[PDB]
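[1] Pasting an experimental structure, sequence included:
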Protein chains: 8
Amino acid sequence: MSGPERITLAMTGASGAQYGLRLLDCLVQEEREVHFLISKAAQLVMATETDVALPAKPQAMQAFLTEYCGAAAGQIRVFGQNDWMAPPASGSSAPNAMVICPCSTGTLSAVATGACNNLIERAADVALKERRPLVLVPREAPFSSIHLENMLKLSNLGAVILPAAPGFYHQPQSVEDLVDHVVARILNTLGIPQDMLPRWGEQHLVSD
Amino acid sequence: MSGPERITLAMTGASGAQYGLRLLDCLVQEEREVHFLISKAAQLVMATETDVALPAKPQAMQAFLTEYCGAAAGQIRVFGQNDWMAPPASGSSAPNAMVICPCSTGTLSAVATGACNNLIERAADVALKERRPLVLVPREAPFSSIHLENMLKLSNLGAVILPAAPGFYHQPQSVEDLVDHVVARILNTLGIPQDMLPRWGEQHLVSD
Amino acid sequence: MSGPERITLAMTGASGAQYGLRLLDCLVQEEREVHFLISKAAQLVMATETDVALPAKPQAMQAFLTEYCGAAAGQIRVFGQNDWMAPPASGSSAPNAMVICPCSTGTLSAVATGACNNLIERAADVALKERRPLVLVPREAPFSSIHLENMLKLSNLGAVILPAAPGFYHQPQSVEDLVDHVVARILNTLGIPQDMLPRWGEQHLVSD
Amino acid sequence: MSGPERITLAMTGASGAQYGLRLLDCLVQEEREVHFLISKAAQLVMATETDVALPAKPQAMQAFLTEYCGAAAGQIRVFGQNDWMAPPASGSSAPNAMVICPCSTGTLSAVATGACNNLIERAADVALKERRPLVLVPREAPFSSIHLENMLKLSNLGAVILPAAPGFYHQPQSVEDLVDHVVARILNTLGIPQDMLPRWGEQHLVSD
Amino acid sequence: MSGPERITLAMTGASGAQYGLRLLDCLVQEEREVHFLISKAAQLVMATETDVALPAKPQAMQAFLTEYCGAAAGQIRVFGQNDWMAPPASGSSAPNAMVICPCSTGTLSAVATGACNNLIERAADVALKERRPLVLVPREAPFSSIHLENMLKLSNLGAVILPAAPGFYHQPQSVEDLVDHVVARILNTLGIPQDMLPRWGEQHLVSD
Amino acid sequence: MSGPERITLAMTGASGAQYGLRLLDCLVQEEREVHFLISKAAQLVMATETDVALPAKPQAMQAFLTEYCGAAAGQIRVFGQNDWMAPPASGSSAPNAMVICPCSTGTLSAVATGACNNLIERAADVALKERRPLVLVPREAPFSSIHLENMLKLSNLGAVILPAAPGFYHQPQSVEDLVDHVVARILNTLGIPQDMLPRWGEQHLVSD
Amino acid sequence: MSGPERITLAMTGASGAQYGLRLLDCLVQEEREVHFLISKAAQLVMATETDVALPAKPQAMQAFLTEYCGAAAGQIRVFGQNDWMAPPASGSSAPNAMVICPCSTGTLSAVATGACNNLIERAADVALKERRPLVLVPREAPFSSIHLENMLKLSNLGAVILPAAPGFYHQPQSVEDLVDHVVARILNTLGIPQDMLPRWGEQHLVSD
Amino acid sequence: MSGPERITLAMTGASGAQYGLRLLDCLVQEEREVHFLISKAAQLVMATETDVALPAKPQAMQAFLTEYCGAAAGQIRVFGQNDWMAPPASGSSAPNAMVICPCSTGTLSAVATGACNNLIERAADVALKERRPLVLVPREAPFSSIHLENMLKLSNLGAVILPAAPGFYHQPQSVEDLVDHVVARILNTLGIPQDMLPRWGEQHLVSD
Ligand SMILES: Cc1cc2c(cc1C)N(C[C@H](O)[C@H](O)[C@H](O)COP(=O)(O)O)c1[nH]c(=O)[nH]c(=O)c1N2
Ligand SMILES: Cc1cc2c(cc1C)N(C[C@H](O)[C@H](O)[C@H](O)COP(=O)(O)O)c1[nH]c(=O)[nH]c(=O)c1N2
Ligand SMILES: Cc1cc2c(cc1C)N(C[C@H](O)[C@H](O)[C@H](O)COP(=O)(O)O)c1[nH]c(=O)[nH]c(=O)c1N2
Ligand SMILES: Cc1cc2c(cc1C)N(C[C@H](O)[C@H](O)[C@H](O)COP(=O)(O)O)c1[nH]c(=O)[nH]c(=O)c1N2
Ligand SMILES: Cc1cc2c(cc1C)N(C[C@H](O)[C@H](O)[C@H](O)COP(=O)(O)O)c1[nH]c(=O)[nH]c(=O)c1N2
Ligand SMILES: Cc1cc2c(cc1C)N(C[C@H](O)[C@H](O)[C@H](O)COP(=O)(O)O)c1[nH]c(=O)[nH]c(=O)c1N2
Ligand SMILES: Cc1cc2c(cc1C)N(C[C@H](O)[C@H](O)[C@H](O)COP(=O)(O)O)c1[nH]c(=O)[nH]c(=O)c1N2
Ligand SMILES: Cc1cc2c(cc1C)N(C[C@H](O)[C@H](O)[C@H](O)COP(=O)(O)O)c1[nH]c(=O)[nH]c(=O)c1N2
Ligand SMILES: CC(C)=CCOP(=O)(O)O
Ligand SMILES: CC(C)=CCOP(=O)(O)O
Ligand SMILES: CC(C)=CCOP(=O)(O)O
Ligand SMILES: CC(C)=CCOP(=O)(O)O
Ligand SMILES: CC(C)=CCOP(=O)(O)O
Ligand SMILES: CC(C)=CCOP(=O)(O)O
Ligand SMILES: CC(C)=CCOP(=O)(O)O
Ligand SMILES: CC(C)=CCOP(=O)(O)O
Ligand code: NA
Ligand code: NA
Ligand code: NA
Ligand code: NA
Ligand code: NA
Ligand code: NA
Ligand code: NA
Ligand code: NA
């Protein structure tokens, strides 16, 4: 297969819970193993913004997401916010790509400064020190200089700063079309197949 | 009235032509004078992404946008890309707020480095030196370190970097709802009334 | 009225005494209260460059400038260079805008580094810490890297660096026309009405 | 195959047109797809420095280079300098490696600052934000501090700064031998096979 | 003779066309060879601000300036904005001093960042890399932090940042006296004789 | 196979000769080709800290290490400290990964500043310019700010700074267990199989 | 006595619990007063890596460590993670030296940025502002640029960054010998007597 | 004569020995005194890349180069790599210009950091502190960020970074033509006459 076998998908408390759920669904349909992390604020966002009734505790959350996505048993692992026995907490784990989608400005700050106050932040710290893929999907507006300095520091170190800023150049007709544009960019960045966003200009052989 | 009487609205060639058109429409309905600038690439974006048939030359473009928006005669001024006789080209003009919506990464770069190769770039140079409002609405993903350094430099100088990253926390039901979220943020930043985005928590008096 | 009720006008020992005297005259005619400070070197410049016979001591200087400008009694206050009992020396004073016109490279340096060796330098230190308007009008050529670093530091902090560099785009016919161009820019920056410099392009509705 | 299937080859107006033509020829013989971009100044350089009579417009240029290189139909695509419908203009395109050979100091500057004034500059902006290979082949002497700061910024971000500085350690006998040394370095950097430059010390098992 | 035999004089689109014309006239009267460059915006400034009817195309412009200045045949060369065959485009040319008078903020930016979009910008790039004299005469007010950072970068590299800020310490009686003050500073910087500005204090042997 | 076919293993004069010898042994058992470099100080460390009687000259050293490791003929190449004919001295060599284990603070400094005083330092210079893997294993305590700045500069450029700081989270029972922890991290970083350090949490499917 | 009478010993959640326990034991045997702090993650590390059954709550933990170390009554104080009434929380306390052993990357980050989220982080903030000794013993590999920047910032301010990187130059025969090497370095840094690590070269009077 | 009477020419171990030999020959034919320094690695390069049989020790090397170049007795001085009695080692010597051609990345590093490990490095240290001409001719590809930072630091201090990157704009027909292009640039930088590279555009009086 193309791209990573395992993806750590962390959802944090920015608006845009739909991006993370749709990414999760695509990862599952591409038969990838997903190590799923979600912050307490992201649980509140998901309740506010969607009709998904996500259970609170990891074992029930795992059963629920497995059913919601049509995943195979064991395909989605869920790890709690202080579970240092989970693979993402150590660089001696098997390699994963990591995506924080959406990424709050507070989680952006923790990753940029190296805070390790929960398993999402430790997992990102591990991705950076092991030079494993790390994609952050910030959703905020305006971006202040504090946000921008934190994004710049991480981008300089090879993290991919992929804002939740959908493009309109395929004439979107629904909210779902805009969500899929951003999710397709994430999948493209990871090297994972996707058929929601065509390859720009692939059939264009010479200028008019 | 609250907020600026005059707004220089520049559209450049990032995806998201719908944001600039909807902003223009709101500015007109709030009875503001709009100095409208559009780049050659933005004209191509508008043709690709919308069904608006915008005429090419300033005088016809002015007549068209006046009709499209229901504007009063003279409310929308259109200035061409080398018209140094227009108000935005000089700091001795009457004060305007300026918005570049959407803002391409190339126009972001020109503004951050002080290039003055067309009237949009000179207008932003003037806003910064006169300390008049300047709002940039970048639409790009990922943001590279070059983008981020350019945004950081301008934000440090007081420009507002407002990415086209809509929020979902009022349960959007259409593309138009997401466009209106971003446009409402711009209007809020300018100090101009808007009724598309409620005031978060205004009725919340104490925690549960 | 528009703009500040009170302006601290400091003259320091750069060439261009005529700019400060003409600014003083305009401020008086707009019925503003002026807290007037002048350095010992600026007194020598004024004697060299003009026919104004400015008395040396504050009380006589106050009487003289009141007559020279046609000011109301008490409209121009004059404070000596170590008078820490004057309003500009403390941030607990009533708010003023401040202009140093002209600004020597030596006073530019003191303001940029926070030296507080006389009341002009302390007044600027107070403007910066209170976030009250501060406009510097440097007159020097060439500008060395030391000058430029000092100007950059202050501009980054929100001071307005307005060099004594008049524009020619209204066909000046006299020295006085060039002096008035710079003074009009200062008044525009302060938000004070002026009729010497028209609003560029105000009557220009569309490009040719 | 080893290395990228598609290469965006941009020629800009530095001396050394022979490097870009020889690279193009090698890429074609390795059966790679080439998206060919050339600046207006580079067309003047190619006329000055070589006997290649390159047609001006993209469709004729494509036919000419196809014949000149012995390429298969469709193997060389040519895109004009404002053709935003071409794959290199968008990060949603299929992935290419990109080489700017030769790279003028002016194109180096545009890439380092994020200017996007033509399709070569936008293509490089896209390579950087997508973290796709970008190789710059500057040809200039001396290198000023402005050149060097621009090269350093891009190298820090992962672009390969490969100056047109041939090596002599295989006893070159012709201009073509020196051109081939630089082209072999570019091919090595891309991961594409080449037999012009041997693998240094491959047969050396222990020190004398 | 003292000072450079050849001067590249570039005029760009800042206010102050009179400074460049008066400099040109002085250079001619000192029997210097002048390589004259003028931007399209500077042509518009010259029409706005002066009664000089400068022809548009280089050959007619050369004939006109030769007559206007009383120059010898061949003393003033005029080169168009993309003429890479002119001496200033290459560091292998015979050495010139270069002055950009006046210097727009946009040309200041291009020189500071190394953009090479026309022959004025390439000529300055060449002056810096060859360590040949480069004098910039910016005319703008206020100077923003973007302007100031660009001036500081170039001054640190040895360019002379000489703002169009005339001095008043010889009691100017006309616009022409102020223009001559700035032109005399430029000539002094180049090492070229001038008799418009006396040598300050040359007859002062001891303090009073 | 997974990971690099060839590894340049340089040992320098920090304490921890056992790490480099154990790494060499693992590389040999994974059937990798090893280009072995050792500094004069590292030879003294190996004599002090181990019972390995390493011969001084490259040909005898090669024979000895081949026997000590059970390597195939030609699998371990040894190159002397000024042998510029060896593959690591040139970027035109076949690609290797490089590890400096252990890495003295003096070799760390040389690599960070680009000193090229022996073949280890040149080899690292080549790895960085070719963007080939470079892993440094510093052993020092305390780390001063000079050490830390040198490590930071190289890590920013993509070198892996992997201190000889073993972990205890698998209950080590011997010196050899701690040495193997660090060697396993190096092998993991290179992408080479190892069975000394389990994959953390690989069997952990959900939180307790 | 030599060295500090009181040491704040904080253990945080890096691997290497044995270093902190052995340091505690040495401090007790040198009759020092120890203010003992341990994070919740460090309690989990100690359970994983050792057979020490450390009670959870401070009063029981104090009784246990007193017995485990053979300490005098009151010699070991234990303070909980939000006990702002403990001496380390205020710079008006009696002076202590402080050691964080081991130091997680997350606690390193908090100290470098000034976060004060628990008593360990506040205690370090106090040590830095009072210029009292602060020693950090990080255990991590690789060190990322985020780790390295945080270590560099603190080392520049006078904190001692002492990685858990034991030396082998006295022929260690057990895990305990390597642990004692690091603990001896810490004691040496504090100025406290130790007999585990000899004074290098103390008997060496002249070179061979 | 024009340009320096004495030139310190140092050859170091980059590829491009032919540039240094051809420069030496030109300097001799312009009747300049040459203080010739060559590193041990450069001697190996010269043997690899040329048929020049350069003797090893300074006195024989001096006799050989005198014959090879047709120099006058005493015109070429040769100084060994630790000869601190030679003029280049002290700033109290008579002034020379200095050229390092070719310049290895290792010698570039030493000069940028101030290492003074041999007479070439001390000579460059002296040139910089005395503000005497220093020209470095690096030959390397790619240039890494370490190379680029070292070149930038020195260029900022006034050293001329002149890469061995020949131009093709006079239609070179041989290796020797390309070598002569670079040597002519060096001679131009020093102010020494040369007739290998014409003065670009010297006969071009106006644009077509
Ligand atoms: C409905 C809703 C929507 C948002 C938020 C909150 C809620 C409840 N918050 C604030 C964010 O959740 C808060 O700063 C948390 O501290 C983030 O914690 P984590 O980073 O998820 O641990 C938030 N934060 C942010 O950076 N971007 C956003 O778009 C939003 N939007
Ligand atoms: C349909 C379409 C869509 C986009 C673009 C182009 C086109 C045709 N371009 C590229 C952009 O237009 C190009 O870099 C221009 O050079 C921008 O010029 P202006 O800044 O508008 O003068 C573009 N650029 C960018 O920064 N963000 C974007 O989202 C897009 N999207
Ligand atoms: C007639 C005349 C003209 C000038 C000056 C002096 C005199 C006597 N000085 C020098 C300046 O006065 C001197 O550096 C003082 O130290 C400035 O002191 P204050 O900053 O006014 O206290 C001066 N300084 C400067 O920065 N720009 C200028 O244009 C001039 N011109
Ligand atoms: C024959 C010839 C040779 C050269 C050039 C020109 C010409 C006509 N130019 C100048 C360069 O073309 C100019 O600055 C253009 O503006 C570059 O534009 P592009 O970057 O190609 O769009 C040039 N520029 C540069 O950076 N390095 C070089 O070696 C040369 N050599
Ligand atoms: C009459 C008039 C006066 C001015 C200008 C314009 C016109 C028409 N412009 C704007 C300037 O010409 C514009 O930014 C151009 O893009 C500059 O292009 P060049 O740098 O000359 O290629 C201008 N720009 C500037 O930096 N300083 C100035 O004083 C002025 N004044
Ligand atoms: C037994 C023994 C142990 C050590 C050392 C030496 C010896 C003899 N040295 C010092 C180091 O060898 C010295 O600074 C050399 O200059 C390093 O040279 P290389 O970098 O190997 O060429 C040393 N240096 C260092 O950075 N870390 C260390 O742990 C040690 N330990
Ligand atoms: C067994 C074991 C081993 C380790 C860890 C955990 C566990 C359970 N953690 C992760 C660390 O505990 C986590 O990031 C905590 O957030 C650290 O919190 P404190 O800094 O102690 O509050 C960890 N962290 C680190 O920086 N270095 C390390 O060596 C280890 N090793
Ligand atoms: C044939 C040949 C060719 C080259 C080299 C070597 C040899 C033998 N070396 C490596 C260089 O000589 C080495 O790093 C020395 O340490 C340089 O020492 P000096 O700076 O001359 O003392 C080398 N180094 C470099 O920076 N650029 C180059 O082009 C080459 N080419
Ligand atoms: C949870 C755990 C074993 C963390 C240690 O991981 P690593 O050695 O710091 O990569
Ligand atoms: C178009 C024009 C008059 C530009 C000059 O404006 P400003 O004095 O630079 O603010
Ligand atoms: C002259 C005086 C009372 C200075 C103190 O003012 P502030 O409190 O420092 O703003
Ligand atoms: C030409 C085009 C569709 C540009 C937009 O690309 P991207 O989403 O900015 O990578
Ligand atoms: C127009 C031209 C020949 C440019 C090349 O000049 P240079 O070698 O870059 O100084
Ligand atoms: C030993 C040698 C041929 C060094 C030159 O290598 P490279 O071209 O600098 O990568
Ligand atoms: C817990 C406490 C009294 C903290 C205040 O201490 P300090 O004055 O900030 O050193
Ligand atoms: C070899 C020698 C006398 C070096 C001292 O020179 P300088 O005084 O440091 O310029
Ligand atoms: Na923490
Ligand atoms: Na411009
Ligand atoms: Na003082
Ligand atoms: Na642009
Ligand atoms: Na350009
Ligand atoms: Na060296
Ligand atoms: Na806190
Ligand atoms: Na030395």
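    Arrived safely. Numbering: from 1, shown residues only, chains lettered A, B, ... in the order given. Ligands and ions are numbered 1, 2, ... in the order given.
[2] hang on, residue A:63 in a strand?
    No - read with DSSP: H, G, I helix; E, B strand; the rest coil, residue A:63 is helix and lies in no strand.
[3] could you measure the closest residue to it other than its chain neighbours against residue A:47, distance?
    For residue A:63, ignoring the flanking residues on the chain, the nearest one in space by C-beta to C-beta, 6 or more residues apart in numbering or on different chains is residue A:55 at 7.7 Å. (Each C-beta comes from the backbone N, C-alpha and C, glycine too.) Distance of residue A:55 to residue A:47, computed by C-beta to C-beta, to the nearest Å: 12 Å.
[4] any common contacting residues for those two?
    By C-beta atoms under 8 Å, 6 or more residues apart in numbering or on different chains, residue A:55 and residue A:47 have no common neighbours.
[5] Tell me if residue A:46 really is in a helix.
    Yes - assessed by three-state DSSP, residue A:46 belongs to a helix.
[6] That one: neighbour count?
    Residues near residue A:46, counting by other C-beta atoms under 10 Å in any protein chain shown, number 20.
[7] Could you pull up the residues touching it?
    A:11, A:17, A:21, A:38, A:52, A:54.
[8] Contacts only, for the residue of chain A found nearest ligand 4.
    Closest residue of chain A to ligand 4, C-beta to the nearest ligand atom: residue A:207 (17.0 Å). Residue A:207 makes contact with D:58, D:59, D:78, D:79, D:80, D:83, D:86, according to C-beta under 8 Å, 6+ apart.
[9] now it: how far from residue D:80?
    For residue A:207, the distance to residue D:80 - C-beta to C-beta - is 4 Å.
[10] Find residues that contact each of these two.
    Taking C-beta under 8 Å, 6+ apart as the criterion, residue A:207 and residue D:80 both touch residue D:58.
[11] in the top helix by length along chain A, what's buried?
    Scanning chain A for the longest helix, with DSSP state H as the assignment, gives helix A:175-190. Buried residues in helix A:175-190, counted by 16 or more other C-beta atoms under 10 Å in any protein chain shown: A:175, A:178-190.
[12] Any idea what the closest residue to residue A:75 other than its chain neighbours is bridged to?
    Nearest residue to residue A:75 in three dimensions, chain neighbours excluded: residue A:33, at 5.9 Å (C-beta to C-beta, 6+ apart). Residues in a beta bridge with residue A:33, per DSSP bridges, are residue A:6.
[13] same check, this time on residue A:160
    Going by DSSP bridges, residue A:160 forms beta bridges with residue A:135.
[14] quick one: contacts for it?
    For residue A:160, the contacting residues are A:133, A:134, A:135, A:136, A:189, B:142, D:131, by C-beta under 8 Å, 6+ apart.
[15] Mind putting those into CSV with distance to residue G:149?
    Output for the contacts of residue A:160, formatted as CSV (distance: C-beta to C-beta, whole Å):
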residue, distance to residue G:149
A:133, 21
A:134, 17
A:135, 22
A:136, 18
A:189, 25
B:142, 23
D:131, 22
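[16] May I see these arranged in TSV, with distance to ligand 4 as well?
    Shown next, in TSV, are those (distance: C-beta to the nearest ligand atom, whole Å):
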residue	distance to ligand 4
A:133	34
A:134	34
A:135	33
A:136	34
A:189	30
B:142	26
D:131	24
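[17] which of those residues sit farthest apart?
    Within the contacts of residue A:160, A:136 and D:131 form the most distant pair, 13.8 Å apart (C-beta to C-beta).
[18] More neighbours: which of those two?
    Shown here are residue A:136 and residue D:131; by other C-beta under 10 Å, residue A:136 has more neighbours (27 against 18).
[19] pretty sure that one contacts residue A:104?
    No - the criterion here is C-beta atoms under 8 Å, and residue A:136 misses it with residue A:104 at 10.0 Å.
[20] now the contacts of residue A:207: which count as buried?
    Judged by 16+ other C-beta under 10 Å, buried ones among the contacts of residue A:207: D:58, D:78, D:79, D:80, D:83, D:86.
[21] OK, now which residue of chain A is nearest to chain G?
    Nearest to chain G, among the residues of chain A, is residue A:116, at 2.8 Å (C-beta to the nearest C-beta).
[22] Looks to me like that residue is in a helix.
    No - using three-state DSSP, the assignment for residue A:116 is coil, not a helix.
[23] just checking, it touches residue A:125?
    Yes - with contact defined as C-beta under 8 Å, residue A:116 and residue A:125 form a contacting pair (5.4 Å).
[24] Which neighbours do these two have in common?
    With C-beta under 8 Å, 6+ apart as the test, residue A:116 and residue A:125 both reach G:105, G:106.
[25] so residue A:62 makes contact with residue A:75?
    No - under the criterion of C-beta under 8 Å, residue A:62 is not in contact with residue A:75, lying 10.1 Å apart.
[26] The contacts of residue A:46 in strands, which ones?
    A:11, A:38 (DSSP state E).
[27] So which of the contacts of residue A:46 is the closest to residue A:195?
    residue A:21 (18.6 Å).
[28] Next, find the distance separating the closest one from residue A:138.
    Taken as C-beta to C-beta, the span from residue A:21 to residue A:138 is 17 Å.
[29] These two: who's more crowded?
    A direct count of neighbours by other C-beta under 10 Å for residue A:21 and residue A:138 places residue A:138 higher, at 28 against 23.
[30] who's in contact with that one?
    A:14, A:102, A:103, A:104, A:105, A:108, A:147, A:151, A:161, A:163, A:164, B:165.
[31] Report how many residues lie close to the fifth one.
    Residues near residue A:105, counting by other C-beta under 10 Å, number 19.
[32] One more: the first one?
    Neighbourhood size, residue A:14 [other C-beta under 10 Å]: 30.
[33] Was I right to think it contacts residue A:100?
    No - between residue A:14 and residue A:100 there is no contact under C-beta under 8 Å: 9.3 Å.
[34] my read: residue A:194 touches residue A:184, true?
    Yes - using C-beta under 8 Å, residue A:194 is in contact with residue A:184, at 4.8 Å.
[35] more neighbours, residue A:62 and residue A:75?
    More crowded of residue A:62 and residue A:75, by other C-beta under 10 Å: residue A:62, with 22 against 16.
[36] Give me the nearest residue to the more buried one, chain neighbours excluded.
    Computed as C-beta to C-beta, 6+ apart, the closest residue to residue A:62 that is not its neighbour in sequence is residue A:78, at 4.1 Å.
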